[PDB]
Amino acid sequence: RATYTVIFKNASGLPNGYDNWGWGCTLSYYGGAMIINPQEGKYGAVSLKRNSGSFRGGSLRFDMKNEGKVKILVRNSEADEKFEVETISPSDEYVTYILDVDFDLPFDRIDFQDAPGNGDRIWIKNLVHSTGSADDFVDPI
């Protein structure tokens, strides 16, 4: 049976138990979205750092709208190893994504990066991990 971990639903600030180790951007919160404002030329990203513990495999589910391509990554801090999950095409409307994480190590950071590096904004809501697969994801949101 999959275990679901809600990271944030509607965001009014950083999720409880997380820090932001991102770069090249600032975060703001409005309309229930975590909003990433990347700086042109920086290929900026939010990097949500889980302060206690790690996730293992499974899948990540989130709602996103985004002016440019967004690269999703995860990282293992002990090994300082990053793992690219997917790149997501621009959408002016929120879309729900459920993506398998095939990384062989635990992960404690989740990154959303401005892949083109032009400063395109990113809006995120309803970020949830499951220990199970994307195909098997029963959405608690």
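Heads up: residue numbers just count along the shown sequence, starting at 1.
- Look at the mean CA B-factor for 7-15 and for 120-128 in the entry; the higher one is 7-15.
- The entry lists C-alpha B-factors for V95, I35, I88, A79, and the highest of these is at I88.
- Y43 sits in the middle third of its chain by CA B factor, as recorded in the PDB entry.
- In this PDB entry, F103 carries a Cα temperature factor that places it within the highest third of its chain's modelled residues.
- Annotation for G31: CA B-factor lies in the lowest third of the chain's modelled residues.
- The entry lists a Cα temperature factor for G58 that places it in the middle third of the chain's modelled residues.
- Annotation for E67: C-alpha temperature factor in the lowest third relative to the rest of the modelled chain, per the entry.
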